[PDB]
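Visitor:
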Ligand code: BCL
Ligand code: BCL
Ligand code: BCL
Ligand SMILES: CC[C@H]1c2cc3[nH]c4c(c3C)C(=O)[C@H](C(=O)OC)c4c3nc(cc4[nH]c(cc(n2)[C@@H]1C)c(C(C)=O)c4C)[C@@H](C)[C@@H]3CCC(=O)OC/C=C(\C)CCC[C@H](C)CCC[C@H](C)CCCC(C)C
Ligand SMILES: CC[C@H]1c2cc3[nH]c4c(c3C)C(=O)[C@H](C(=O)OC)c4c3nc(cc4[nH]c(cc(n2)[C@@H]1C)c(C(C)=O)c4C)[C@@H](C)[C@@H]3CCC(=O)OC/C=C(\C)CCC[C@H](C)CCC[C@H](C)CCCC(C)C
Ligand SMILES: COC(C)(C)C/C=C/C(C)=C/C=C/C(C)=C/C=C/C(C)=C/C=C\C=C(C)\C=C\C=C(/C)CC/C=C(\C)CCC=C(C)C
Ligand SMILES: COC1=C(OC)C(=O)C(C/C=C(/C)CCC=C(C)C)=C(C)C1=O
Ligand SMILES: CCCCCCCCCCCC[N+](C)(C)[O-]
Ligand SMILES: CCCCCCCCCCCC[N+](C)(C)[O-]
Ligand SMILES: CCCCCCCCCCCC[N+](C)(C)[O-]
Ligand SMILES: CCCCCCCCCCCC[N+](C)(C)[O-]
Ligand SMILES: CCCCCCCCCCCC[N+](C)(C)[O-]
Ligand SMILES: [Fe+3]
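Residue numbers (the entry's author numbering), protein chains in the order written: chain L, 1 to 281; chain H, 11 to 250; chain M, 1 to 302.
This is how it looks when you write it as structure tokens:
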């Protein structure tokens with residue numbers, strides 16, 4: 001149940017709530033108050049999904065889908081069977097995600113490490129919350145949120161995007177995508193660089209961080225450095241999500257039409273708007 | 011259908027990849043152990059991989075993993091419960107004993123070397139011709155602990171030469187001796203360096219280095235461990 | 001408050017680092033570029049040096065030729081008016097030959113021929129760049145992980161512009177060179193193939209792209225969290241595990257019940273990222289060659 005080096009780390013303390021009440025492990029897993037909170041929120045949500053599945057009349061995981069209230073409910077409560085289940089499950093999900101983060105905080109405290117991980121995870125939570133809370137509230141109905149189903153969540157992405165033409169034309173979406181793609185590029189490069197130094201040509205000595213700098217300077221003329229690359233990975237992945245959130249929060253609140261039309265502001269700048277030729281004249 | 015065969019083949023590949031990846035990740039820390047150090051009965055479904063050998067540069071030897079595992083240090087902790095899964099309490103001063111968040115690992119008692127075989131980390135005075143290039147120069151600043159008392163003064167920066175970065179501050183105490191403070195654990199301000207992890211009385215307790223012009227991996231671990239340990243173990247006098 | 005190690009507090013600088021020698025031909029290496037204090041807040045301040053050599057010259061020349069072939073076509077489309085050039089920049093497009101020309105290299109210059117020429121230049125640019133990722137590692141005695149990972153990206157690129165059009169029997173299937181038009185092409189590709197959301201390989205591709213962001217956020221945050229114990233010195237933590245690596249490991253073990261090593265996390269990383277374009281390429285390759293309509297295929301499971 002313990003890694004060879006683990007024992008010296010398994011000390012009391014670090015908890016945020018309840019002192020030593022929940023200060024223990026189950027196998028590898030640390031508990032803590034928020035470990036218990038996670039369990040409660042998660043088990044509740046799952047029971048409610050199963051209830052919704054019964055009301056839907058299916059146990060097929062590829063068919064089960066829990067929908068938000070119809071638009072006519074606005075931001076009000078709804079019958080369990082007509083959106084209420086979705087609403088309570090959303091609360092459970094939020095409670096579970098936030099509890100997971102807070103449990104991570106407890107783990108950081110015990111290990112005496114920085115809080116970077118739960119801080120990063122909070123970006124993911126905030127993106128989820130953009131889609132099920134901030135946006136629907138700003139738009140004035142829970143029904144603008146996505147449904148909880150494997151395929152139906154994708155229908156919602158497809159229907160929501162196409163409400164505005166090709167959703168590619170959303171400028172914040174473009175930046176988000178760039179961050180996602182660049183992040184994967186940098187993840188591949190980071191993994192490869194470290195590995196190529198730790199596993200050199202057959203029979204050679206391990207290369208050093210100096211060789212990692214040299215390879216990359218040789219290749220592209222720059223090396224961000226070992227601290228830099230981990231900051232970058234974090235920045236890229238968090239920016240990707242930040243701009244994801246941004247791109248959705250502006251959609252249906254301050255921008256309403258086909259996203260393609262937004263770009264016309266540049267085209268119609270008065271100094272060139274009326275010149276004949278090109279694509280737009 | 012070829013797309014069917016493709017997707018079925020991929021899932022088989024993927025399970026194989028995950029198996030490979032998980033076993034690659036068991037080269038340290040396994041086999042799993044009961045809380046008394048004996049091999050655990052349940053080792054999980056993944057077996058240890060075949061050993062690999064790293065050839066270390068600069069005649070430093072080799073590393074073979076997986077291999078026989080031991081802490082190579084005493085651990086001043088004791089069970090708080092008969093059943094598994096509960097904390098082990100410090101039997102002494104956890105900070106002085108290097109346990110919990112003050113833990114350190116029995117790393118090599120030699121300094122990390124760069125690609126050319128020179129010490130990676132040097133005090134700036136011995137690093138030609140390194141200098142502060144931007145931000146507040148902390149040399150000369152008083153160092154304040156979390157009790158808001160002065161514990162010393164910055165007399166140098168220890169730099170990572172190959173990476174051109176500040177790694178430690180060398181801090182002189184009242185008695186004229188110095189300690190390394192990890193750069194990640196200090197706040198450089200305009201009139202002081204503030205150290206949140208340690209109260210003024212805890213600086214003398216920071217592990218010391220054998221030679222004044224180099225730091226070994228073991229020393230770094232003891233120092234970094236001790237300083238990080240203060241966030242949990244000095245929390246009494248802070249209050250700030 | 002506590003320092004977070006996102007930005008450095010104090011920069012230090014020394015003599016320019018000219019780097020390791022090994023089997024590198026030092027004559028093909030440039031001098032150092034300038035130092036950027038601005039970059040230095042976040043990563044290394046030093047720019048250069050860079051390795052030139054014959055392959056690199058070829059790659060750079062080729063790449064520039066690709067870029068200028070497109071640009072000259074844009075200028076043409078703009079009627080050589082610079083204001084129109086700037087106005088309509090993202091709307092210009094160098095398009096492949098029409099389907100009636102098939103795979104033929106006799107497509108007229110202004111109807112696909114220039115696209116073929118641009119594509120030839122990009123082909124050599126990228127493949128010579130790949131050789132360079134291999135050779136730069138080789139001259140340093142390093143593993144070839146970069147060249148192998150780069151091959152996964154090249155796979156999708158090859159499928160999009162080369163392999164799929166050849167199997168489909170016309171260049172008209174390839175992607176045009178244009179900012180907006182490459183987007184229109186992407187949208188249209190899904191529409192015509194019955195919605196790529198029903199392509200299980202597109203789903204996998206997305207799992208790994210999202211996963212890459214998940215995993216890099218995890219790894220990045222982890223290393224920064226243990227940088228107070230020198231955790232970013234990953235190679236030395238591999239050679240001689242420290243408390244950084246141990247605390248990193250245990251954070252994850254206690255959180256989610258399993259963990260990596262300092263070396264192995266970088267294997268999770270490289271695979272997570274390369275699987276993006278590997279599955280992606282497969283998904284695109286089967287589209288139209290084997291599966292006309294992904295919705296339909298899904299209804300059959302095969
Ligand atoms: C036809 C469809 C439209 C379109 C529709 C829209 C719509 C609509 C949306 C996007 C959004 C996304 N689109 Mg788009 N977009 C399309 C074209 C694309 C293309 C492409 C190559 O063509 C790409 C790359 C993208 C990519 C982008 C991303 C920027 C973004 C999704 C990531 C995200 O929000 O993360 C955020 C991360 C999360 C939400 C996950 C958080 C989950 C956390 C908190 C916890 C859950 C864990 C728990 C349940 C697990 C159980 C425990 C188990 C034990 C594991 N789109 C086309 C044009 N796009 C979305 C977006 O920006 O969202 C904000 C969005 O709503
Ligand atoms: C992010 C922007 C859009 C989005 C658009 C897309 C698109 C487009 C696709 C997916 C796909 C996925 N989405 Mg989605 N989806 C979003 C909302 C989310 C949320 C959430 C916010 O809580 C969740 C849990 C999921 C999860 C799912 C997975 C079923 C699938 C692969 C994800 C993945 O590997 O991620 C990366 C993370 C990991 C690798 C970690 C593993 C975690 C996964 C495996 C957990 C899945 C849990 C799921 C079965 C629910 C379990 C809940 C239980 C009741 C406890 N999506 C929003 C609305 N999503 C793909 C798919 O194939 O769907 C069929 C796909 O093509
Ligand atoms: C309306 C749009 C369609 C769409 C149809 C498309 C199509 C078409 C494709 C994708 C593809 C993908 N889609 Mg989709 N997709 C849909 C909506 C989604 C959504 C969503 C709804 O949120 C998401 C998240 C995704 C996301 C994804 C990615 C997982 C995947 C691309 C991975 C990649 O790294 O490519 C980026 C990486 C590359 C293209 C490789 C680059 C290669 C190198 C060699 C290039 C060198 C460049 C160099 C010459 C220039 C240098 C200049 C510099 C100055 C140096 N899609 C909808 C249904 N999608 C791709 C895929 O694989 O699908 C299976 C694809 O072909
Ligand atoms: C911000 C950068 C990226 C990121 C970061 C990130 N994610 C993280 C973390 C961080 C650093 C971790 O600390 C944490 C983790 O422990 O990972 C191993 C995590 C995590 N990200 C996860 C998933 C995830 N992250 C996502 C992506 C991202 N995470 C971003 C791209 C996605 C996408 C892109 O779809 C998914 C699916 C988990 C593996 C883990 C969070 C685990 C957790 O919160 O557990 C507690 C809750 C449960 C055990 C289950 C709750 C059940 C609910 C009550 C019911 C289900 C409701 C749900 C809304 C239904 C959805 C149905 C779908 C079909 C739509
Ligand atoms: C695993 C999949 C992910 C991935 C992996 C990946 N990409 C990679 C690598 C790998 C590991 C390489 O090693 C290789 C690399 O060297 O990266 C630094 C690369 C690479 N991926 C790149 C981009 C890229 N990758 C893509 C993404 C991805 N790459 C996937 C997400 C994409 C996307 C998402 O659309 C892009 C655009 C390049 C930076 C690089 C390939 C370099 C190359 O083939 O260059 C050929 C062209 C030239 C040599 C010059 C081009 C000319 C320019 C268009 C304009 C002129 C500017 C010029 C550079 C200045 C010169 C002027 C002087 C004379 C003054
Ligand atoms: C200021 O003006 C100047 C002229 C000075 C500079 C301006 C330049 C400008 C504005 C250029 C802008 C370039 C743009 C917008 C490029 C955009 C490119 C994009 C978006 C590419 C997207 C996808 C590209 C793909 C998938 C290409 C694939 C290519 C291949 C796989 C090559 C296949 C090879 C072929 C067809 C040739 C076959 C021949 C042999 C011998 C094998
Ligand atoms: C393998 O790790 C990597 C580094 O090397 C150790 C890098 O350096 C970079 C490149 C970083 C940047 C910010 C390029 C911009 C540089 C200038 C001149 C403005 C990437 C992507 C990388 O993944
Ligand atoms: C709200 C969605 C319903 C939750 C479904 C439970 C997750 C099961 C995993 C889906 C994959 C189905 N499977 C394993 C049979 O292939
Ligand atoms: C997303 C990839 C799936 C990762 C989950 C499978 C790996 C967890 C299994 C590790 C078991 C831990 N153990 C028993 C070896 O200590
Ligand atoms: C993908 C990373 C791209 C980094 C940008 C390239 C920077 C070129 C620096 C080389 C300059 C050296 N110099 C001045 C001697 O030519
Ligand atoms: C490197 C390990 C990462 C494992 C991620 C696996 C996630 C599975 C996503 C389900 C995709 C389902 N489908 C139908 C699109 O294939
Ligand atoms: C693709 C999602 C899969 C979710 C399964 C959860 C993986 C965690 C495995 C941890 C191993 C637990 N163990 C063996 C130590 O008991
Ligand atoms: Fe790393």
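Beta carbons are placed, not taken as given, at the ideal position from N, Cα and C, and that holds for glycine.
1) Around the Cβ of residue 126 of chain H, are there at least 16 other Cβ atoms within 10 angstroms (buried) or fewer (exposed)?
2) Pull the bridge partners of residue 11 of chain M from the DSSP assignment, please.
3) Consider the Cβ of residue 31 of chain M: report whether some Cβ of chain H lies at a distance smaller than 7 angstroms.
4) Evaluate contact between the stretch 166-178 of chain M and the stretch 148-157 of chain L, counting only Cβ atoms and requiring at least three cross-stretch pairs below 8 angstroms.
5) In whole angstroms, give me the CA-to-CA distance for residue 33 of chain H and residue 208 of chain M.
6) If you reduce the DSSP assignment to three classes, tell me which class residue 257 of chain L lands in.
7) Does residue 172 of chain M come out as helix, strand or coil in the three-state DSSP assignment?
8) Relative to the C-alpha of residue 44 of chain M, which residue among M:34, M:135, M:266 and M:3 is closest?
9) How many angstroms separate the CA atom of residue 19 of chain H from the CA atom of residue 60 of chain M?
10) Rounded to whole angstroms, what is the Cα-Cα separation between residue 242 of chain M and residue 122 of chain H?
11) Can you tell which of M:287, M:90 and M:52 has its C-alpha closest to the C-alpha of residue 266 of chain L?
12) Leaving out five residues before and five after residue 102 of chain H in sequence, what residues of the same chain have Cβ atoms less than 8 angstroms from its Cβ?
13) Going by CA-CA distance only, name the one from H:28, H:88 and H:205 that's closest to residue 55 of chain H.
14) Out of L:81, L:131, L:190 and L:208, which has the shortest C-alpha to C-alpha gap to residue 57 of chain L?
15) Going straight from the alpha carbon of residue 50 of chain H to that of residue 1 of chain L, what length do you get?
16) Less than 7 angstroms between the beta carbons of residue 180 of chain L and residue 240 of chain L, yes or no?
17) Considering only heavy atoms of ligand 8, does any lie closer than 6 angstroms to the CB of residue 99 of chain M?
18) Three or more C-beta pairs under 8 angstroms: does that hold for the stretch 178-198 of chain L against the stretch 267-279 of chain M?
19) If you measure from the beta carbon of residue 45 of chain M to each beta carbon in chain L, is any gap under 7 angstroms?
20) Drop a sphere of 10 angstroms on the beta-carbon of residue 369 of chain M, count the other beta-carbons inside from all chains shown, and report buried for 16 or more, exposed for fewer.
21) Any heavy atom of ligand 13 inside 6 angstroms of the beta-carbon of residue 234 of chain M?
22) Select from the stretch 91-111 of chain H all residues with a C-beta closer than 9 angstroms to any C-beta belonging to chain L, and list them in chain order.
23) Expressed to the nearest angstrom, what Euclidean distance is found between the alpha-carbon atoms of residue 3 of chain L and residue 192 of chain H?
24) How is the alpha helix (DSSP H) around residue 121 of chain L delimited, first residue to last?
25) Based on Cα-Cα distance, which residue from M:29, M:13 and M:206 lies nearest to residue 176 of chain H?
26) Which whole-angstrom value describes the C-beta separation of residue 218 of chain L and residue 51 of chain M, a residue pair presumed to lie in contact below a C-beta threshold of 8 angstroms?
27) Using DSSP with H/G/I as helix, E/B as strand and the rest coil, what is residue 68 of chain H?
28) From which residue to which residue does the beta strand (DSSP E) around residue 132 of chain H run?
29) When we look at the beta-carbon of residue 104 of chain L and count the other beta-carbons within 10 Å, is it buried (16 or more) or exposed?
30) What are the boundary residues of the alpha helix (DSSP H) that includes residue 231 of chain M?
31) Based on the DSSP output, what are the partners of residue 29 of chain M in its beta bridges?
32) I want to verify the contact list: residues of chain M whose CB lies under 8 angstroms from the CB of residue 14 of chain H, in sequence order.
33) For the 8 angstroms Cβ check, are there 3 or more pairs between the stretch 93-109 of chain L and the stretch 21-40 of chain L?
34) Hey, residue 228 of chain M and residue 234 of chain H: beta-carbon distance below 7 angstroms or not?
35) I need the straight-line Cα distance from residue 86 of chain M to residue 1 of chain M, nearest angstrom please.
36) Does residue 193 of chain M come out as helix, strand or coil in the three-state DSSP assignment?
Guide: Reading it off the structure:
1) exposed
2) Its beta-bridge partners are H:144 and H:175.
3) no
4) no
5) 21 angstroms
6) coil
7) helix
8) M:34
9) 39 angstroms
10) Straight-line Cα distance between these residues: approximately 12 angstroms.
11) M:90
12) Excluding positions up to five away in sequence, the list reads 86.
13) H:28
14) L:81
15) 6 angstroms
16) It is a contact, given that the beta carbons lie within the stated cut-off.
17) no
18) yes
19) No - not a single Cβ of chain L is within 7 angstroms of the one on residue 45 of chain M.
20) With chain M covering 1 to 302 only, the question about residue 369 of chain M has no answer from this structure.
21) yes
22) 91, 94, 95, 96, 97, 98, 99, 100, 104, 108, 109, 110 and 111
23) If you take the alpha carbons of residue 3 of chain L and residue 192 of chain H, they lie about 27 angstroms apart.
24) 116-129
25) Per the Cα distances, M:13.
26) Going by Cβ atoms, the distance from residue 218 of chain L to residue 51 of chain M rounds to 4 angstroms, so yes, they are a contact pair.
27) coil
28) Residues 131-133.
29) buried
30) No alpha helix (DSSP H) contains residue 231 of chain M, which DSSP labels as neither H nor E.
31) M:51
32) Here the neighbours are 301 and 302.
33) Result yes; three or more Cβ-Cβ pairs closer than 8 angstroms.
34) Taking 7 angstroms as the cut-off, the Cβ atoms of residue 228 of chain M and residue 234 of chain H count as close.
35) The C-alpha of residue 1 of chain M is placed about 47 angstroms away from the C-alpha of residue 86 of chain M.
36) Coil at residue 193 of chain M, not helix or strand.
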